[PDB]
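The structure appears below as structure tokens.
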Amino acid sequence: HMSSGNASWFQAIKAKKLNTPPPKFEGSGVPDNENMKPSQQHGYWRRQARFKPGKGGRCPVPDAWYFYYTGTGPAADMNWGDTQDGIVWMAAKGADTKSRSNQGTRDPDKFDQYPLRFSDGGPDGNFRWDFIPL
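Be aware that the sequence shown starts at 27, since it is given in the deposited numbering, and climbs by one per residue.
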């Protein structure tokens, strides 16, 4: 089966080892994105367990986490702060986490993913992401 849905606007962050806890962030944990209302600077990171072929059959690879603005993505029906394994919530100063933006999600056939930057910090050392130029 091929997932039919829309995707995250940003690249993934990726754990370096198996069974890593959720990412902790210096600063808001909200990706750099100047094209949003300050009131709308809030969302969640969502865990994605990965695999790939290796010896015998399939082989576990470290988790990826993907960021979605509140009210969008797989956990669109969740409200900011709602507890669920594999969901961590982030908000920048001045955010109103009741607000809902028009950003929606990314259609992969049309737009490439945005590069991740965190001018106010970034995730802890259990995590890394690929370089994509600005």
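A virtual CB, placed ideally from N, CA and C, is assigned to each residue, including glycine.
Based on the DSSP output, what are the partners of residue i in its beta bridges?
{"i": "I158", "result": "Per DSSP, none; premise fails for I158."}
{"i": "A33", "result": "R132"}
{"i": "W71", "result": "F93 and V114"}
{"i": "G148", "result": "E52"}
Let's see if you can read the secondary structure: which residues bound the beta strand (DSSP E) around residue i?
{"i": "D89", "result": "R84 to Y95"}
{"i": "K40", "result": "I39 to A41"}
Does the distance from the CB of residue i to the CB of residue j come in under 9 Å?
{"i": "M116", "j": "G83", "result": "no"}
{"i": "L142", "j": "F36", "result": "yes"}
{"i": "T123", "j": "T96", "result": "yes"}
{"i": "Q67", "j": "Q129", "result": "no"}
{"i": "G120", "j": "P64", "result": "yes"}
{"i": "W91", "j": "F153", "result": "yes"}
{"i": "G112", "j": "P48", "result": "yes"}
{"i": "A33", "j": "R132", "result": "yes"}
{"i": "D150", "j": "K43", "result": "no"}
{"i": "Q74", "j": "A38", "result": "yes"}
Consult DSSP for residue i and reduce its assignment to one of helix, strand or coil.
{"i": "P64", "result": "helix"}
{"i": "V56", "result": "coil"}
{"i": "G80", "result": "coil"}
{"i": "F153", "result": "strand"}
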